[PDB]
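Presented below, as structure tokens, is a lone chain in the form deposited without this ligand.
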């Protein structure tokens, strides 16, 4: 029996420096976790102990911190090369800076194969991108060979910027001919490494014949066999055993997100490449594991430029950006308008004749805005100034909500109005009118929303049974500030871009900003 050790990471999201237990900025260094240097230590420890090791990434290394903002993918290429990853799969966030923002920094600098079988190219790009990403790759692991086939979320055109020259095919439909090609090459050990989510991983395991193990991402799924070592709640056992349509027991694995855990799976194979046994658990990268001094040296060397960028002028403001709690938690504030205008602009994705844009609405809780910005300091706006406004290192996510759920959210926004409570919503592409004399839960008297399936955008009343796409902070999607109706009634939720980054990009683009209080929220 030939034993294989699969080491895997997914949805790292620029968390190169060590983080807190909640994956935010490190405060107490003695109880800090994750980091690319700590991972290097654990990977090197395993490699010394096990003879057959494979380090795999299931996408979403891109987007997360100031590292991605400044180095734009070069940090991912450099540190993944240093950790000696065996193969990577393309995720949605790898297309965040367009197709050119993937080809140049990552695809051309990475010293390992980057995979995806369900991405097809057309137009002038087809010849330029051909061969830069492979559908599969046969990896020699000592005396044996292991085939790795890749896949990317079919939803990337709505979550990132791949452009009009890339087509995202159905995973099971595109994977099977590539799995069959590995079978003709007499490869009896096949891993499906991709970025489409846990539900899709289970489908590939059940329907794609020939696949022996599925290593996924996207959904930040945490699987654990036994007692969890931290705050993460297991979604199932590690591995998650799927019974395929051909009869085989197929293990499915995921290693949460933000580089907190290193996935660890031990597969036993027979001479014919059939799974005898599969066992393991994600290793918690905690304080007990020391940071490698060589990698930490590079981290600190690169961190200098990041500190220089945070004090640099991104753009100017000719208006006082009113982010005071007395304004933003009581009425329409121009800071709330600016962030929501930034949120919509960031989610402008290549649309067909069906809509001007797939998403037009934005909601942001007042308690999310933590500081104003003064325009009298030459008009200057720096990353540091924006960090005071949005300090919790959250993201701006895309959700699908029924009209009724959104009406319930606006009713929650003013249920205990006049107490400076945080649930008060700031908007974008929404027109609300409240009557505070009315009973709580029946205070929204007008709620108009900007259309999507229209060539000329205009405001129309919100329909209670119709599903609407909204950009809102991660905190709200997770039921924060009492928005339980958001968490319990959302139809779809997707991991977005970093909060500070979204607003920094918008200000840089605009050069000079002048947001006004234009009457998006009205009273009586």
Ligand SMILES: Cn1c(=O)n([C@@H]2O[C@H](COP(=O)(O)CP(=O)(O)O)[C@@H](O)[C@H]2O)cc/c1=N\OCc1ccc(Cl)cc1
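Numbering follows the first chain given and starts at 1.
Although not depicted, the form deposited with this ligand bound is the subject of the following passage.
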### Task
Could you check the pocket for me: superposition on the site C-alphas, this ligand placed as it sits in the deposited complex, then open or blocked, blocked being at least 3 ligand atoms within 2.4 Å of backbone or C-beta atoms?
blocked
### Summary
The one residue among 128, 161, 327, 225 placing a heavy atom within 4.5 Å of this ligand in the deposited complex is 161
#### Entry: Interface residue in the deposited complex among 263, 368, 210, 73, criterion: non-hydrogen atom within 4.5 angstroms of this ligand
368
### Query
Can all three of 96, 392 and 422 be found with a heavy atom no more than 4.5 Å from this ligand in the deposited complex?
yes
### Task
Tell me the stretch among 269-277, 88-96, 73-81, 185-193 that has any heavy atom within 4.5 angstroms of this ligand in the deposited complex.
88-96
#### Entry: Contact label in the deposited complex: residue 497 to this ligand, heavy atom within 4.5 Å
no
#### Entry: Contact of residue 40 with this ligand in the deposited complex (heavy atom, 4.5 Å)
no
### Task
Look up in the deposited complex whether residue 60 has a non-hydrogen atom within 4.5 angstroms of this ligand, and give yes or no.
yes
### Query
Taking heavy atoms and a 4.5 Å cut-off, does residue 165 contact this ligand in the deposited complex?
no
#### Entry: Residues of 219-235 having any heavy atom within 4.5 Å of this ligand in the deposited complex, listed in sequence order
220
